[PDB]
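Single-structure report; data block below.
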Amino acid sequence: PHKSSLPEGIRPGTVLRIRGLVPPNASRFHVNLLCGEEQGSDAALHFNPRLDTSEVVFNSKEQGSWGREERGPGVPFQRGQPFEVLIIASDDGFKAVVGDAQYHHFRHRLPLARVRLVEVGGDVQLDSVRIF
Amino acid sequence: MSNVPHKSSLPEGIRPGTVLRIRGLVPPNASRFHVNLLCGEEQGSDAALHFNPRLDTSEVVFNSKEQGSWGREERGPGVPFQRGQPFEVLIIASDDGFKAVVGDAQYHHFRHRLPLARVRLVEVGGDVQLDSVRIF
Ligand SMILES: OC[C@H]1O[C@@H](S[C@@H]2O[C@H](CO)[C@H](O)[C@H](n3cc(-c4cccc(F)c4)nn3)[C@H]2O)[C@H](O)[C@@H](n2cc(-c3cccc(F)c3)nn2)[C@H]1O
């Protein structure tokens, strides 16, 4: 599970670029925006491609409890294939970009200013995480 | 074949947290090309951002145009573009300005001079062969 601290926190205009490879046998993987380095910290954003059930789940976690799932059938990832994801913080939410198209817009639940790090876990080969 | 340009409207304008992703090739004998964030489709439209890699003079110029008049030019550090080489540029809008990212590295920050809400059009032209222009 990769972790990268956000160099100047996050505001509208912060961009995370995540390049990686989905393993041939992958079940799921996730990208989290967390509000602290301690285990169980609140997640302002949880981006969760599920290859074994062909869906994507978006959610947040507050006080060890998950929120309302923003989910849907289909997944813009394929086992064995490389990807490039953008997570873009906007004034009213996070835009999740996969490949050449915005896949979802996740409206803010937690205060944007509380986000401290990015976590990448689950079944994924991470090539790079860049923060612009 | 020809240079391949781009024009696309931004009906809802752009807001803080918008990414313009531009991928393309600078052709062998390129002089210069541009990326413009314009306020309308009229010729000579005001420009919130004029981003102008000049291969011929080895500079990258940033400017605005307001009420028909150009602002003071800003110049980035060196030229992260080469004739015969492909590139990727991100133009990222924030509350405070535009960040230009070129090939994996932060390149320049251009503070807003015009209100971001006025932007309604993106045009890419000049000596460039565009792979893709995407706005997120
Ligand atoms: O929200 C995000 C969270 O989701 C749950 S699974 C979730 O749990 C619920 C239980 O009440 C529901 O069963 C829910 N659900 C609704 C439907 C449904 C409802 C209606 C219609 C229809 F079609 C289908 N199907 N399933 C599940 O998605 C994951 O465990 C969790 N997570 C994963 C990890 C994790 C961390 C590290 C490594 C790792 F492998 C996993 N750490 N937290 C996190 O990703």
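Labels used: A, B, ... for chains in the order of the structure tokens, numbers from 1 for residues in each chain, and numbers from 1 for ligands as shown.
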Residues within 7 Å of ligand 1 should be enumerated using only C-alpha atoms and all ligand atoms and returned as a tab-separated table (two decimals) with N, CA, C and O atoms, in the first residue's frame.
```tsv
chain	number	residue	atom	x	y	z
A	28	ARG	N	-9.61	-6.16	-6.74
A	28	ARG	CA	-9.95	-4.76	-6.54
A	28	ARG	C	-8.70	-3.96	-6.19
A	28	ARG	O	-7.70	-4.51	-5.74
A	29	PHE	N	-8.75	-2.65	-6.41
A	29	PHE	CA	-7.72	-1.79	-5.84
A	29	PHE	C	-8.36	-0.45	-5.52
A	29	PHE	O	-9.50	-0.19	-5.90
A	46	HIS	N	-12.64	7.83	-1.46
A	46	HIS	CA	-12.28	6.43	-1.65
A	46	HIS	C	-12.73	6.02	-3.05
A	46	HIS	O	-13.92	5.98	-3.34
A	48	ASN	N	-12.65	3.14	-5.80
A	48	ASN	CA	-12.48	1.70	-5.68
A	48	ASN	C	-12.99	0.92	-6.89
A	48	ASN	O	-14.14	0.50	-6.93
A	57	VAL	N	-16.80	1.71	-7.03
A	57	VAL	CA	-17.44	2.32	-5.88
A	57	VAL	C	-16.68	3.57	-5.45
A	57	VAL	O	-15.45	3.56	-5.35
A	58	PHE	N	-17.43	4.64	-5.23
A	58	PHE	CA	-16.91	5.85	-4.61
A	58	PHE	C	-17.52	5.97	-3.22
A	58	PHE	O	-18.71	5.70	-3.04
A	59	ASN	N	-16.73	6.38	-2.23
A	59	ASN	CA	-17.27	6.60	-0.89
A	59	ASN	C	-16.34	7.44	-0.05
A	59	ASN	O	-15.23	7.77	-0.47
A	66	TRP	N	-18.13	4.07	6.90
A	66	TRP	CA	-18.31	4.43	5.50
A	66	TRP	C	-19.62	5.17	5.27
A	66	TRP	O	-20.60	4.95	5.98
A	67	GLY	N	-19.63	6.04	4.27
A	67	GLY	CA	-20.82	6.82	3.95
A	67	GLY	C	-21.67	6.17	2.88
A	67	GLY	O	-21.59	4.96	2.65
A	69	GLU	N	-22.61	4.95	-0.62
A	69	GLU	CA	-21.85	4.56	-1.80
A	69	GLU	C	-22.37	5.21	-3.07
A	69	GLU	O	-23.57	5.18	-3.35
A	121	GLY	N	-3.85	1.29	-2.58
A	121	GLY	CA	-3.77	-0.08	-2.09
A	121	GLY	C	-4.58	-1.08	-2.91
A	121	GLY	O	-5.19	-0.73	-3.92
A	122	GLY	N	-4.58	-2.33	-2.46
A	122	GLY	CA	-5.29	-3.38	-3.16
A	122	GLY	C	-4.45	-4.01	-4.25
A	122	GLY	O	-3.22	-3.97	-4.20
```
Could you pull the residues within 6 Å of residue 51 of chain B, counting only C-alpha atoms, minus those fewer than 3 positions along the same chain, as a PyMOL selection string? chain B and resi 34-35+62
Would you tabulate, counting only C-alpha atoms, all residues of chain A that have an atom at most 10 Å from an atom of chain B, showing the closest pair of atoms and their distance in Å to one decimal, sorted by chain then ascending number, as CSV?
```
residue,atom,partner,partner_atom,distance
A:11,CA,B:94,CA,7.9
A:12,CA,B:17,CA,4.6
A:13,CA,B:17,CA,3.9
A:14,CA,B:17,CA,6.9
A:15,CA,B:17,CA,8.0
A:17,CA,B:104,CA,9.5
A:86,CA,B:136,CA,9.3
A:87,CA,B:17,CA,9.9
A:88,CA,B:17,CA,6.1
A:89,CA,B:17,CA,5.5
A:90,CA,B:17,CA,4.0
A:91,CA,B:16,CA,6.1
A:92,CA,B:17,CA,9.1
A:93,CA,B:17,CA,9.0
A:94,CA,B:17,CA,8.5
A:95,CA,B:136,CA,7.6
A:96,CA,B:136,CA,8.9
A:97,CA,B:136,CA,7.5
A:100,CA,B:134,CA,7.1
A:101,CA,B:136,CA,7.6
A:102,CA,B:136,CA,6.2
A:103,CA,B:136,CA,9.9
A:130,CA,B:104,CA,7.7
A:131,CA,B:106,CA,9.4
A:132,CA,B:106,CA,6.8
```
Neighbour list for residue 119 of chain B as a list in words, cut-off 8 Å, only C-alpha atoms, skip fewer than 2 positions in-chain: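 Within the cut-off, the hits are residues 10, 13, 14, 37, 38, 39, 40, 47, 48, 115, 116, 117 and 121 of chain B.
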Restricted to N, CA and C atoms, what would the selected residues look like written as a PDB file, in the first residue's frame?
```pdb
ATOM      1  N   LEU B  10     -16.387  26.143 -24.018  1.00  0.00           N
ATOM      2  CA  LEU B  10     -16.559  25.805 -22.622  1.00  0.00           C
ATOM      3  C   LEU B  10     -17.841  26.484 -22.155  1.00  0.00           C
ATOM      4  N   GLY B  13     -18.022  27.467 -18.874  1.00  0.00           N
ATOM      5  CA  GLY B  13     -16.775  28.111 -18.522  1.00  0.00           C
ATOM      6  C   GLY B  13     -15.875  27.123 -17.811  1.00  0.00           C
ATOM      7  N   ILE B  14     -14.848  27.626 -17.142  1.00  0.00           N
ATOM      8  CA  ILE B  14     -14.036  26.749 -16.315  1.00  0.00           C
ATOM      9  C   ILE B  14     -13.948  27.264 -14.890  1.00  0.00           C
ATOM     10  N   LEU B  37      -6.830  30.570 -23.927  1.00  0.00           N
ATOM     11  CA  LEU B  37      -8.095  30.504 -23.208  1.00  0.00           C
ATOM     12  C   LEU B  37      -8.806  31.828 -23.455  1.00  0.00           C
ATOM     13  N   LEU B  38      -9.845  31.780 -24.277  1.00  0.00           N
ATOM     14  CA  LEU B  38     -10.479  32.990 -24.786  1.00  0.00           C
ATOM     15  C   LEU B  38     -11.860  33.193 -24.188  1.00  0.00           C
ATOM     16  N   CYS B  39     -12.349  34.422 -24.261  1.00  0.00           N
ATOM     17  CA  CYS B  39     -13.617  34.775 -23.647  1.00  0.00           C
ATOM     18  C   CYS B  39     -14.792  34.666 -24.614  1.00  0.00           C
ATOM     19  N   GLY B  40     -14.486  34.463 -25.889  1.00  0.00           N
ATOM     20  CA  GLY B  40     -15.517  34.370 -26.906  1.00  0.00           C
ATOM     21  C   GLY B  40     -14.975  33.918 -28.246  1.00  0.00           C
ATOM     22  N   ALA B  47      -8.130  37.328 -23.898  1.00  0.00           N
ATOM     23  CA  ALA B  47      -7.486  36.079 -23.541  1.00  0.00           C
ATOM     24  C   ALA B  47      -7.121  36.057 -22.059  1.00  0.00           C
ATOM     25  N   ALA B  48      -7.701  35.111 -21.327  1.00  0.00           N
ATOM     26  CA  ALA B  48      -7.336  34.910 -19.934  1.00  0.00           C
ATOM     27  C   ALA B  48      -5.940  34.307 -19.869  1.00  0.00           C
ATOM     28  N   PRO B 115     -10.925  37.534 -14.758  1.00  0.00           N
ATOM     29  CA  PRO B 115     -11.744  36.589 -13.994  1.00  0.00           C
ATOM     30  C   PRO B 115     -11.900  35.271 -14.745  1.00  0.00           C
ATOM     31  N   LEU B 116     -11.674  34.171 -14.039  1.00  0.00           N
ATOM     32  CA  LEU B 116     -11.751  32.837 -14.613  1.00  0.00           C
ATOM     33  C   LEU B 116     -13.119  32.555 -15.234  1.00  0.00           C
ATOM     34  N   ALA B 117     -14.163  33.198 -14.712  1.00  0.00           N
ATOM     35  CA  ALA B 117     -15.523  32.936 -15.183  1.00  0.00           C
ATOM     36  C   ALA B 117     -15.761  33.426 -16.614  1.00  0.00           C
ATOM     37  N   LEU B 121     -13.751  29.552 -24.263  1.00  0.00           N
ATOM     38  CA  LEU B 121     -13.217  28.897 -25.456  1.00  0.00           C
ATOM     39  C   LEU B 121     -11.753  28.515 -25.284  1.00  0.00           C
TER      40      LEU B 121
END
```
Take atom CA of residue 57 of chain B and atom CA of residue 41 of chain B and report the distance between them in Å, one decimal. 29.0 Å
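Remark: for residue 65 of chain B, the closest of the candidate residues B:36, B:31, B:82, B:9 is B:36 (distances computed over only C-alpha atoms).
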Which residue of A:16, A:34, A:51, A:22 approaches residue 112 of chain A most closely, using only C-alpha atoms: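 Of the candidates, the smallest distance to residue 112 of chain A is held by A:34.
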Using DSSP on the backbone coordinates, identify all residues within chain B classified as strand (DSSP E); present the result as a PyMOL selection string. chain B and resi 6-9+18-26+33-38+47-54+59-66+69-70+74-75+85-93+97-102+105-111+121-126+129-135
Residue neighbourhood residue 18 of chain A, 8 Å, only C-alpha atoms, exclusion window fewer than 3 positions, as a PDB file with N, CA and C atoms, in the first residue's frame:
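Result went into around.pdb, see below:
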```
ATOM      1  N   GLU A  84      -3.963   5.285 -16.620  1.00  0.00           N
ATOM      2  CA  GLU A  84      -3.576   6.573 -16.071  1.00  0.00           C
ATOM      3  C   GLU A  84      -4.805   7.244 -15.486  1.00  0.00           C
ATOM      4  N   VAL A  85      -4.750   7.523 -14.190  1.00  0.00           N
ATOM      5  CA  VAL A  85      -5.859   8.146 -13.487  1.00  0.00           C
ATOM      6  C   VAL A  85      -5.501   9.552 -13.034  1.00  0.00           C
ATOM      7  N   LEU A  86      -6.430  10.486 -13.215  1.00  0.00           N
ATOM      8  CA  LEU A  86      -6.308  11.797 -12.599  1.00  0.00           C
ATOM      9  C   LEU A  86      -7.359  11.987 -11.514  1.00  0.00           C
ATOM     10  N   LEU A 126       1.777  -0.161  -9.034  1.00  0.00           N
ATOM     11  CA  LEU A 126       1.889   1.285  -9.137  1.00  0.00           C
ATOM     12  C   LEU A 126       3.175   1.674  -9.856  1.00  0.00           C
ATOM     13  N   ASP A 127       3.046   2.479 -10.905  1.00  0.00           N
ATOM     14  CA  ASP A 127       4.222   2.950 -11.629  1.00  0.00           C
ATOM     15  C   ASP A 127       4.695   4.288 -11.058  1.00  0.00           C
ATOM     16  N   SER A 128       3.762   5.220 -10.883  1.00  0.00           N
ATOM     17  CA  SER A 128       4.099   6.518 -10.311  1.00  0.00           C
ATOM     18  C   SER A 128       2.890   7.278  -9.759  1.00  0.00           C
ATOM     19  N   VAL A 129       3.148   8.081  -8.736  1.00  0.00           N
ATOM     20  CA  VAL A 129       2.179   9.037  -8.218  1.00  0.00           C
ATOM     21  C   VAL A 129       2.804  10.424  -8.280  1.00  0.00           C
ATOM     22  N   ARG A 130       2.191  11.319  -9.043  1.00  0.00           N
ATOM     23  CA  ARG A 130       2.673  12.689  -9.139  1.00  0.00           C
ATOM     24  C   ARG A 130       1.593  13.624  -8.637  1.00  0.00           C
TER      25      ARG A 130
END
```
Shell of 12 Å around residue 39 of chain A, only C-alpha atoms, local chain residues under 4 positions omitted, as number ranges by chain: A: 3, 34-35, 43, 63-64, 119
How would the residues just picked look written out with C-alpha atoms as a PDB file, in the first residue's frame?
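Saved as selection-v3.pdb:
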```
ATOM      1  CA  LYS A   3       1.425   6.438   0.721  1.00  0.00           C
ATOM      2  CA  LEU A  34      -6.894  10.476   3.831  1.00  0.00           C
ATOM      3  CA  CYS A  35      -7.035  13.107   6.560  1.00  0.00           C
ATOM      4  CA  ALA A  43     -11.144   9.286   3.982  1.00  0.00           C
ATOM      5  CA  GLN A  63     -15.235   8.042  12.336  1.00  0.00           C
ATOM      6  CA  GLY A  64     -14.421   4.531  11.100  1.00  0.00           C
ATOM      7  CA  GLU A 119      -2.997   6.068  -0.319  1.00  0.00           C
TER       8      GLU A 119
END
```
Atom CA of residue 54 of chain B and atom CA of residue 114 of chain B, how far apart in Å?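 Going from atom CA of residue 114 of chain B over to atom CA of residue 54 of chain B, I get 23.5 Å.
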One decimal, in Å: what's the spacing between atom CA of residue 128 of chain B and atom CA of residue 25 of chain B?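 Separation between atom CA of residue 128 of chain B and atom CA of residue 25 of chain B: 6.0 Å.
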Might you pull out every residue within 10 Å of residue 33 of chain A, with only C-alpha atoms counted and same-chain residues fewer than 5 positions away left off, and present them as a PDB file with C-alpha atoms, in the first residue's frame?
```pdb
ATOM      1  CA  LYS A   3       1.425   6.438   0.721  1.00  0.00           C
ATOM      2  CA  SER A   4       2.369   9.952  -0.401  1.00  0.00           C
ATOM      3  CA  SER A   5       1.936  13.092   1.714  1.00  0.00           C
ATOM      4  CA  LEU A   6       0.414  16.122   0.006  1.00  0.00           C
ATOM      5  CA  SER A  41      -8.062   8.070   9.537  1.00  0.00           C
ATOM      6  CA  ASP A  42     -11.053   9.613   7.771  1.00  0.00           C
ATOM      7  CA  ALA A  43     -11.144   9.286   3.982  1.00  0.00           C
ATOM      8  CA  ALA A  44     -12.345  12.359   2.109  1.00  0.00           C
ATOM      9  CA  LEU A  45     -12.325  10.175  -1.006  1.00  0.00           C
ATOM     10  CA  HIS A  46     -12.280   6.429  -1.647  1.00  0.00           C
ATOM     11  CA  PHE A  47     -11.992   5.428  -5.328  1.00  0.00           C
ATOM     12  CA  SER A  60     -15.982   8.490   2.116  1.00  0.00           C
ATOM     13  CA  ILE A  87      -7.835  12.891  -9.308  1.00  0.00           C
ATOM     14  CA  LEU A 112     -11.176  19.622   1.490  1.00  0.00           C
ATOM     15  CA  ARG A 114      -8.516  18.073   6.004  1.00  0.00           C
ATOM     16  CA  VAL A 115      -6.882  15.913   3.301  1.00  0.00           C
ATOM     17  CA  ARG A 116      -3.252  15.122   4.153  1.00  0.00           C
ATOM     18  CA  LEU A 117      -2.145  12.150   2.066  1.00  0.00           C
ATOM     19  CA  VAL A 118      -2.900   9.817  -0.790  1.00  0.00           C
ATOM     20  CA  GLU A 119      -2.997   6.068  -0.319  1.00  0.00           C
ATOM     21  CA  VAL A 120      -2.972   3.502  -3.107  1.00  0.00           C
TER      22      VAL A 120
END
```
